[PDB]
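As structure tokens, one chain now follows by itself in the form solved without 1-methylindole-2,3-dione.
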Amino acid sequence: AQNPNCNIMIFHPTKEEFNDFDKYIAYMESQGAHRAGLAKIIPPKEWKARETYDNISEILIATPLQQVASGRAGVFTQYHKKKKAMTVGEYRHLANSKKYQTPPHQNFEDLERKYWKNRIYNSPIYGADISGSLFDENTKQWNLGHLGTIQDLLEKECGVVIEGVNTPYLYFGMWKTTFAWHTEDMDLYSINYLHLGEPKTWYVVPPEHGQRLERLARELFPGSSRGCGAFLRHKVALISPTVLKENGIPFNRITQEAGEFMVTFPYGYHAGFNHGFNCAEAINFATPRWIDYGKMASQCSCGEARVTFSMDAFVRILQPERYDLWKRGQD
């Protein structure tokens, strides 16, 4: 078995190897990459997502989110308070302000220490889930707005034709902006490209150990657990590496820098934070190996997680029994 310790793998495709997306994903899995839950892909040196970022300030963040924390430094929840709309230009200025900017630090490790020590005492502002793309239409390789769609994968593998579309989303982050512990909708893959700015640190639990994380989460957030049988789908809970180590949960960490892709694999729980002002683009995708994870994916039926038009069809076809009760939570 390849990659038996479930380490995060880093790949350096040639421009020749960067032409066929599906084939490269299947290559990485041949080498065991999926066992970690997360992989890094460094694009060929000749490749570019676009010519420059010089004119992005006019993108609108219609609902910036202030991420308010509650709990203790290593075990907290976050709630997203909606703020007034601002442009990317206004957001970048805010991120660079004395109140919100990255503090002085020695290296990524000192900064990680400062994040876990101090996150709860601040409320950084996140521009999340903004439909759109920053890839130039002329970028033919690994363009997240030109991937084959999950609906087309389900059609090719299973023969069924369903409604829905699959498009990317932009994320604008600042120091301390945080993504809570989660897997993707329907335990899909994701791919995330860091277009510009400061790094993003990731934590990930191997898929084969995801239930260990869930059992810890039920112990640490007991009333959330009683309220919903899949409350990590609400994307509100954080658990530090120190706490994970104290409770024997297998995990890994890695820092993504500007110009790099990350792939998350089905049922790979992940969480993380941003080091300073940045812009990432991400989209879900599927492969044939995903289908069985889609069938087995947990769902939020308490009604908090409240998910897409396109996820409806996935639930209807892959989880017909749940269909019913799940759409009661989503209506």
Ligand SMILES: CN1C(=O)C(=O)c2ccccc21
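Between two forms, the rigid core is the largest collection of C-alphas that superpose within 1.5 Å. Only residues modelled in both forms are compared. Residue positions are given as counts along the sequence shown, with the first one as 1.
The same protein also exists as the form solved in complex with 1-methylindole-2,3-dione; that form is not shown, yet it is the one meant from here on.
Take 1-methylindole-2,3-dione as it sits in the entry with it bound, overlay the site C-alphas onto this chain, and 3 or more of its atoms land within 2.4 Å of the backbone or a C-beta, so the site here is blocked. Residue contact with 1-methylindole-2,3-dione in the entry with it bound: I41 places no heavy atom within 4.5 Å of it. Using a 4.5 Å cutoff between non-hydrogen atoms, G303 counts as a contact of 1-methylindole-2,3-dione in the entry with it bound.
Applying a 4.5 Å heavy atom cutoff to 1-methylindole-2,3-dione in the entry with it bound picks out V307, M311, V315, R322 from 307-324, in order along the sequence. When the two forms are overlaid on the core, a lone consecutive residue run of 3+ whose CA positions all differ by 2 Å or more between the shown form and the other one maps to 324-329.
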